[PDB]
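> Supplied in structure tokens, the structure appears directly below.
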There are 2 protein chains.
Amino acid sequence: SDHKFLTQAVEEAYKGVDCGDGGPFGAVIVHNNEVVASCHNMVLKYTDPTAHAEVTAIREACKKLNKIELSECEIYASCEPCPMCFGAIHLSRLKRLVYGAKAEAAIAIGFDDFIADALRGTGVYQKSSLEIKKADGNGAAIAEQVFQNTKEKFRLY
Amino acid sequence: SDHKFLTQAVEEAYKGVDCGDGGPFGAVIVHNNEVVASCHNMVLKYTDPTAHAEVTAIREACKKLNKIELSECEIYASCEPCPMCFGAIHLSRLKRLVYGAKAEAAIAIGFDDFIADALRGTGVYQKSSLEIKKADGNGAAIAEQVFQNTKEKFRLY
Ligand SMILES: O=c1[nH]c(=O)c2ncn([C@@H]3O[C@H](CO)[C@@H](O)[C@H]3O)c2[nH]1
Ligand SMILES: O=c1[nH]c(=O)c2ncn([C@@H]3O[C@H](CO)[C@@H](O)[C@H]3O)c2[nH]1
Ligand SMILES: [Zn+2]
Ligand SMILES: [Zn+2]
């Protein structure tokens, strides 16, 4: 099931960059194999620098489920969540995170050198016991290729 | 001017608690002593765990100026911004953060031990360049008092 939802996040990244909503980032929030939210980066469409794919997905899932905690849900991110998005995942009480590409793949096409210490376990104050899986193999290769594939179809931000 | 805007952020915190919008947190974004945004936590109002005072203020400031970067603006937070909000502050390119109370003040009254390494200077992957001022004296007293005064006047989240 991990491959299915990570693939959906990747295709959301492509869709969002193709419609000009924002950058090539997708996020899918699922509740026991039922997709609650399927979103991409909306920074350009919303004129909102916080409207990352993950934050957008959290907003939508919480509004749809009428609760501010997503402890029964998991989030699939096309790319490794940034510090803001990882903090949002923590505040959401999401119980699992699966992400496709490492943040370096986005940094390679010019994005901010902006990586969540708590995700990589390199913090003094911020810790995390969130279950975190970095995908490998097939879906991971596809997810990493997103940034080379889309790098001239959108504005950096 | 720092004290005036920090006190307005604290006033926003009290205001938001009174109307049941969310927790005792406020944020004011200014552009050369002109207020661009004045908000409080809206997590309960919006059913959105990302709607912290800082994130709400960034969204509204960027909507008012019709741009996704706030490089000429400064932000005043009644309480030390969390990892999510400090990440959003990074992404917004706000050039200066002035915050009132230490995160320990919010932790003492029930909020998560959820502290941003990059704000306190212990981040490894996240490196902030923005100027950061922790308020002293009367401003610190105001901001810390927020959490004693609003104890059990709001629903925790
Ligand atoms: O988690 C993220 N979600 C996004 O939508 C997004 N859009 C851009 N970025 C930037 O990509 C880099 C790798 O996380 C960081 O510079 C992010 O700010 C994003 N990070
Ligand atoms: O930066 C923040 N803005 C808020 O609105 C807010 N509301 C609650 N909290 C929590 O307070 C603690 C200290 O920052 C952390 O547990 C935050 O999640 C907040 N942090
Ligand atoms: Zn992000
Ligand atoms: Zn916050």
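Going through the structure tokens in order, the chains are called A, B, and so on, while each chain numbers its residues from 1 and the ligands are numbered from 1 in the order shown.
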With all Cα atoms paired residue by residue, do a least-squares superposition of chain B on chain A and hand back the transformed coordinates as a PDB file with C-alpha atoms, in the first residue's frame.


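After the write, selection_20.pdb holds the following:
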ATOM      1  CA  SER B   1      -0.026   0.164  -0.154  1.00  0.00           C
ATOM      2  CA  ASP B   2       2.955   2.378   0.657  1.00  0.00           C
ATOM      3  CA  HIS B   3       3.984   2.451  -3.003  1.00  0.00           C
ATOM      4  CA  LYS B   4       0.464   3.287  -4.209  1.00  0.00           C
ATOM      5  CA  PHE B   5       0.072   6.274  -1.881  1.00  0.00           C
ATOM      6  CA  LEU B   6       3.639   7.504  -2.429  1.00  0.00           C
ATOM      7  CA  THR B   7       3.012   7.334  -6.181  1.00  0.00           C
ATOM      8  CA  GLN B   8      -0.203   9.309  -5.681  1.00  0.00           C
ATOM      9  CA  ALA B   9       1.799  11.973  -3.829  1.00  0.00           C
ATOM     10  CA  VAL B  10       4.256  12.069  -6.744  1.00  0.00           C
ATOM     11  CA  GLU B  11       1.329  12.340  -9.166  1.00  0.00           C
ATOM     12  CA  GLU B  12       0.073  15.292  -7.123  1.00  0.00           C
ATOM     13  CA  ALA B  13       3.497  16.919  -7.461  1.00  0.00           C
ATOM     14  CA  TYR B  14       3.430  16.575 -11.255  1.00  0.00           C
ATOM     15  CA  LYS B  15      -0.192  17.739 -11.347  1.00  0.00           C
ATOM     16  CA  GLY B  16       0.561  20.848  -9.302  1.00  0.00           C
ATOM     17  CA  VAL B  17       3.533  21.772 -11.471  1.00  0.00           C
ATOM     18  CA  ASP B  18       1.468  21.366 -14.645  1.00  0.00           C
ATOM     19  CA  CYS B  19      -1.363  23.632 -13.482  1.00  0.00           C
ATOM     20  CA  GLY B  20       1.070  26.195 -12.068  1.00  0.00           C
ATOM     21  CA  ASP B  21      -0.223  25.760  -8.509  1.00  0.00           C
ATOM     22  CA  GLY B  22       3.284  25.598  -7.056  1.00  0.00           C
ATOM     23  CA  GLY B  23       6.375  23.442  -6.910  1.00  0.00           C
ATOM     24  CA  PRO B  24       6.834  19.698  -7.562  1.00  0.00           C
ATOM     25  CA  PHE B  25       5.636  18.453  -4.178  1.00  0.00           C
ATOM     26  CA  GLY B  26       2.653  16.317  -3.253  1.00  0.00           C
ATOM     27  CA  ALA B  27       1.217  14.814  -0.095  1.00  0.00           C
ATOM     28  CA  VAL B  28      -1.454  12.187   0.594  1.00  0.00           C
ATOM     29  CA  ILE B  29      -3.014  11.563   4.015  1.00  0.00           C
ATOM     30  CA  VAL B  30      -4.662   8.159   4.510  1.00  0.00           C
ATOM     31  CA  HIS B  31      -6.708   6.495   7.260  1.00  0.00           C
ATOM     32  CA  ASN B  32      -6.335   2.710   7.021  1.00  0.00           C
ATOM     33  CA  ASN B  33      -5.823   2.710   3.221  1.00  0.00           C
ATOM     34  CA  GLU B  34      -8.625   5.252   2.645  1.00  0.00           C
ATOM     35  CA  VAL B  35      -7.374   8.570   1.290  1.00  0.00           C
ATOM     36  CA  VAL B  36      -8.384  11.470   3.526  1.00  0.00           C
ATOM     37  CA  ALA B  37      -6.481  14.144   1.597  1.00  0.00           C
ATOM     38  CA  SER B  38      -4.546  14.423  -1.664  1.00  0.00           C
ATOM     39  CA  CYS B  39      -2.811  17.735  -2.338  1.00  0.00           C
ATOM     40  CA  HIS B  40       0.208  19.414  -3.891  1.00  0.00           C
ATOM     41  CA  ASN B  41       2.123  22.616  -3.207  1.00  0.00           C
ATOM     42  CA  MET B  42      -0.169  25.647  -3.552  1.00  0.00           C
ATOM     43  CA  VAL B  43       2.287  28.446  -2.700  1.00  0.00           C
ATOM     44  CA  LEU B  44       1.877  30.185  -6.061  1.00  0.00           C
ATOM     45  CA  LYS B  45      -1.864  29.524  -6.313  1.00  0.00           C
ATOM     46  CA  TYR B  46      -2.615  30.860  -2.822  1.00  0.00           C
ATOM     47  CA  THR B  47       0.162  33.481  -2.533  1.00  0.00           C
ATOM     48  CA  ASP B  48       0.991  31.671   0.699  1.00  0.00           C
ATOM     49  CA  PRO B  49       4.544  30.455   1.425  1.00  0.00           C
ATOM     50  CA  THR B  50       3.128  28.138   4.110  1.00  0.00           C
ATOM     51  CA  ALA B  51       0.979  26.268   1.566  1.00  0.00           C
ATOM     52  CA  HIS B  52       3.461  23.449   1.064  1.00  0.00           C
ATOM     53  CA  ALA B  53       2.003  20.117  -0.039  1.00  0.00           C
ATOM     54  CA  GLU B  54       2.204  18.667   3.479  1.00  0.00           C
ATOM     55  CA  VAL B  55       0.593  21.675   5.184  1.00  0.00           C
ATOM     56  CA  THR B  56      -2.172  21.845   2.562  1.00  0.00           C
ATOM     57  CA  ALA B  57      -2.877  18.134   2.998  1.00  0.00           C
ATOM     58  CA  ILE B  58      -2.981  18.484   6.796  1.00  0.00           C
ATOM     59  CA  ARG B  59      -5.414  21.407   6.548  1.00  0.00           C
ATOM     60  CA  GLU B  60      -7.694  19.513   4.164  1.00  0.00           C
ATOM     61  CA  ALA B  61      -7.544  16.248   6.139  1.00  0.00           C
ATOM     62  CA  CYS B  62      -8.443  18.086   9.352  1.00  0.00           C
ATOM     63  CA  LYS B  63     -11.308  19.844   7.567  1.00  0.00           C
ATOM     64  CA  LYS B  64     -12.650  16.564   6.162  1.00  0.00           C
ATOM     65  CA  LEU B  65     -12.565  14.834   9.567  1.00  0.00           C
ATOM     66  CA  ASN B  66     -13.658  17.987  11.466  1.00  0.00           C
ATOM     67  CA  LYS B  67     -10.853  17.667  14.025  1.00  0.00           C
ATOM     68  CA  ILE B  68      -7.421  19.180  14.634  1.00  0.00           C
ATOM     69  CA  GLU B  69      -5.615  15.884  15.334  1.00  0.00           C
ATOM     70  CA  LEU B  70      -4.936  13.035  12.899  1.00  0.00           C
ATOM     71  CA  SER B  71      -3.499  10.434  15.274  1.00  0.00           C
ATOM     72  CA  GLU B  72      -4.970   7.500  13.311  1.00  0.00           C
ATOM     73  CA  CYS B  73      -3.765   8.768   9.912  1.00  0.00           C
ATOM     74  CA  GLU B  74      -0.506   8.456   7.988  1.00  0.00           C
ATOM     75  CA  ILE B  75       1.048  10.921   5.537  1.00  0.00           C
ATOM     76  CA  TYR B  76       2.939  10.245   2.298  1.00  0.00           C
ATOM     77  CA  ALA B  77       5.191  13.036   1.035  1.00  0.00           C
ATOM     78  CA  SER B  78       6.764  12.937  -2.418  1.00  0.00           C
ATOM     79  CA  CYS B  79       9.784  14.753  -0.959  1.00  0.00           C
ATOM     80  CA  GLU B  80      11.319  14.868   2.515  1.00  0.00           C
ATOM     81  CA  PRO B  81       9.208  17.332   4.557  1.00  0.00           C
ATOM     82  CA  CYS B  82      10.878  20.633   5.372  1.00  0.00           C
ATOM     83  CA  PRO B  83      11.237  21.941   8.955  1.00  0.00           C
ATOM     84  CA  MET B  84       7.912  23.807   8.733  1.00  0.00           C
ATOM     85  CA  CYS B  85       6.035  20.799   7.349  1.00  0.00           C
ATOM     86  CA  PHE B  86       7.659  18.344   9.741  1.00  0.00           C
ATOM     87  CA  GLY B  87       6.647  20.650  12.585  1.00  0.00           C
ATOM     88  CA  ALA B  88       3.084  20.725  11.266  1.00  0.00           C
ATOM     89  CA  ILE B  89       3.222  16.916  11.031  1.00  0.00           C
ATOM     90  CA  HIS B  90       4.265  16.848  14.691  1.00  0.00           C
ATOM     91  CA  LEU B  91       1.395  19.151  15.664  1.00  0.00           C
ATOM     92  CA  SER B  92      -1.118  17.106  13.641  1.00  0.00           C
ATOM     93  CA  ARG B  93      -0.223  13.931  15.616  1.00  0.00           C
ATOM     94  CA  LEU B  94      -0.001  11.948  12.365  1.00  0.00           C
ATOM     95  CA  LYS B  95       1.264   8.541  13.443  1.00  0.00           C
ATOM     96  CA  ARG B  96       3.470   7.753  10.436  1.00  0.00           C
ATOM     97  CA  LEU B  97       5.313   9.571   7.648  1.00  0.00           C
ATOM     98  CA  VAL B  98       6.461   7.877   4.440  1.00  0.00           C
ATOM     99  CA  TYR B  99       8.514  10.119   2.187  1.00  0.00           C
ATOM    100  CA  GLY B 100       9.938   9.505  -1.258  1.00  0.00           C
ATOM    101  CA  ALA B 101      12.927  11.684  -2.142  1.00  0.00           C
ATOM    102  CA  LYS B 102      15.652  13.151   0.032  1.00  0.00           C
ATOM    103  CA  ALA B 103      15.659  16.924   0.470  1.00  0.00           C
ATOM    104  CA  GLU B 104      18.948  16.985  -1.457  1.00  0.00           C
ATOM    105  CA  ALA B 105      16.955  16.157  -4.601  1.00  0.00           C
ATOM    106  CA  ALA B 106      14.961  19.381  -4.233  1.00  0.00           C
ATOM    107  CA  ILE B 107      18.065  21.349  -3.230  1.00  0.00           C
ATOM    108  CA  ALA B 108      19.880  20.180  -6.367  1.00  0.00           C
ATOM    109  CA  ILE B 109      17.312  21.921  -8.589  1.00  0.00           C
ATOM    110  CA  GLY B 110      17.154  25.260  -6.776  1.00  0.00           C
ATOM    111  CA  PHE B 111      15.341  24.961  -3.451  1.00  0.00           C
ATOM    112  CA  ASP B 112      16.796  26.142  -0.145  1.00  0.00           C
ATOM    113  CA  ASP B 113      19.130  24.016   1.922  1.00  0.00           C
ATOM    114  CA  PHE B 114      16.354  23.770   4.513  1.00  0.00           C
ATOM    115  CA  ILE B 115      16.398  20.408   6.285  1.00  0.00           C
ATOM    116  CA  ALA B 116      14.550  19.218   9.398  1.00  0.00           C
ATOM    117  CA  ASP B 117      16.935  17.906  12.067  1.00  0.00           C
ATOM    118  CA  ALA B 118      14.118  16.199  13.982  1.00  0.00           C
ATOM    119  CA  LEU B 119      13.248  14.136  10.903  1.00  0.00           C
ATOM    120  CA  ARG B 120      16.832  12.943  10.380  1.00  0.00           C
ATOM    121  CA  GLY B 121      17.332  12.281  14.096  1.00  0.00           C
ATOM    122  CA  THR B 122      19.663  15.191  14.902  1.00  0.00           C
ATOM    123  CA  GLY B 123      17.146  17.376  16.739  1.00  0.00           C
ATOM    124  CA  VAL B 124      17.876  18.411  20.315  1.00  0.00           C
ATOM    125  CA  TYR B 125      14.860  20.539  21.247  1.00  0.00           C
ATOM    126  CA  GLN B 126      12.468  18.963  18.735  1.00  0.00           C
ATOM    127  CA  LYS B 127      11.978  15.245  19.339  1.00  0.00           C
ATOM    128  CA  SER B 128       9.599  13.370  17.054  1.00  0.00           C
ATOM    129  CA  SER B 129       8.036  10.073  18.092  1.00  0.00           C
ATOM    130  CA  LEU B 130       6.159   9.344  14.852  1.00  0.00           C
ATOM    131  CA  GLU B 131       7.292   6.456  12.677  1.00  0.00           C
ATOM    132  CA  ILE B 132       9.281   7.576   9.624  1.00  0.00           C
ATOM    133  CA  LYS B 133       9.971   5.494   6.505  1.00  0.00           C
ATOM    134  CA  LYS B 134      12.237   6.633   3.686  1.00  0.00           C
ATOM    135  CA  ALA B 135      11.148   4.885   0.496  1.00  0.00           C
ATOM    136  CA  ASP B 136      13.550   2.546  -1.300  1.00  0.00           C
ATOM    137  CA  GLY B 137      13.779   1.064  -4.779  1.00  0.00           C
ATOM    138  CA  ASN B 138      11.053   2.046  -7.219  1.00  0.00           C
ATOM    139  CA  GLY B 139       9.463   4.596  -4.896  1.00  0.00           C
ATOM    140  CA  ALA B 140      12.771   6.377  -4.334  1.00  0.00           C
ATOM    141  CA  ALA B 141      13.381   6.334  -8.093  1.00  0.00           C
ATOM    142  CA  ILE B 142       9.958   7.856  -8.826  1.00  0.00           C
ATOM    143  CA  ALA B 143      10.317  10.557  -6.184  1.00  0.00           C
ATOM    144  CA  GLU B 144      13.876  11.515  -7.152  1.00  0.00           C
ATOM    145  CA  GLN B 145      12.917  11.572 -10.831  1.00  0.00           C
ATOM    146  CA  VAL B 146      10.243  14.189 -10.040  1.00  0.00           C
ATOM    147  CA  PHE B 147      12.918  16.884  -9.780  1.00  0.00           C
ATOM    148  CA  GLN B 148      14.767  15.977 -12.978  1.00  0.00           C
ATOM    149  CA  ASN B 149      11.502  15.813 -14.936  1.00  0.00           C
ATOM    150  CA  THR B 150      10.050  19.109 -13.669  1.00  0.00           C
ATOM    151  CA  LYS B 151      13.245  21.180 -14.016  1.00  0.00           C
ATOM    152  CA  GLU B 152      12.395  24.647 -15.371  1.00  0.00           C
ATOM    153  CA  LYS B 153       8.691  23.793 -15.685  1.00  0.00           C
ATOM    154  CA  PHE B 154       7.722  25.962 -12.690  1.00  0.00           C
ATOM    155  CA  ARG B 155       8.602  29.204 -10.928  1.00  0.00           C
ATOM    156  CA  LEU B 156      10.914  28.717  -7.962  1.00  0.00           C
ATOM    157  CA  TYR B 157       9.979  30.112  -4.566  1.00  0.00           C
TER     158      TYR B 157
END

> Using DSSP secondary structure from the backbone, list all helix (DSSP H, G or I) positions within region 96-151 of chain B, as a PyMOL selection string.

chain B and resi 103-108+117-120+137-149

> Where in region 27-72 of chain A does DSSP assign strand (DSSP E or B), given as a tab-separated table (two decimals) with C-alpha atoms, in the first residue's frame?


chain	number	residue	atom	x	y	z
A	27	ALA	CA	1.23	14.87	-0.12
A	28	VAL	CA	-1.48	12.26	0.48
A	29	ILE	CA	-3.17	11.66	3.85
A	30	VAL	CA	-4.80	8.25	4.30
A	31	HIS	CA	-7.03	6.72	7.00
A	34	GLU	CA	-8.92	5.39	2.67
A	35	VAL	CA	-7.48	8.60	1.21
A	36	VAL	CA	-8.62	11.58	3.28
A	37	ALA	CA	-6.70	14.29	1.40
A	38	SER	CA	-4.68	14.39	-1.82
A	39	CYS	CA	-2.85	17.68	-2.31
A	40	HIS	CA	0.16	19.41	-3.83
